[PDB]
């Protein structure tokens, strides 16, 4: 049957759990957790100094990229399915080992290096190591917009199916 966790950490609802609730508290035990939506308002307040972690839904896997050094990497759109997103850069092993992940997945991110751009591009974080990514499961509220683009292509914006079936762009 359906098995849904209503997580206090991420503030998300997760199905297809890859771990027990006890295992969650263990991973987050000695770590300062910051909600993925609080991130942009948390820059420059010593929130990311020590060991920290966040968690969000994979909204967009973007396109294949190549580093200046010639290595491949990823740029993910992550969020809590609430009109607010954030950029995640997957480098090296992290990209190798998680670039095939499915949109809708719920990932815990550990100790990402933070970049904040007050020029409009906003909050972003990056990780490069395998243990910096933990798939907790699948967002039970995740869905794709049922609306269509201007050119007739099905919209691929992530939505909260519990609160509606369309983007900010479709109403």
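Residue numbers count along the first chain shown, from 1.
Q: Please compare 83-91 with 68-76 and name the stretch with the higher mean C-alpha B-factor in the deposited structure.
A: Looking at the record's C-alpha B-factors, the answer is 68-76.
Q: Determine, for stretches 52-60 and 27-35, which one has the higher mean CA B-factor as deposited.
A: Stretch with the higher mean C-alpha B-factor: 27-35.
Q: Looking at 104, 120, 112, 131, which one carries the largest C-alpha B-factor according to the PDB entry?
A: Checking the PDB record, the top C-alpha B-factor among 104, 120, 112, 131 is at 120.
Q: Based on the entry's values, in what third of the chain does the Cα temperature factor of residue 146 lie: lowest, middle or highest?
A: It belongs to the highest third of the chain when residues are ordered by C-alpha B-factor.
Q: Test of reading the entry: by CA B factor among the chain's modelled residues, which third contains residue 22?
A: For residue 22, whose C-alpha B-factor we compare with every modelled residue in the chain, the answer is the highest third.
Q: With respect to C-alpha B-factor, does residue 13 fall in the lowest, middle or highest third of the chain as deposited?
A: Lowest third of the chain for residue 13's C-alpha B-factor.
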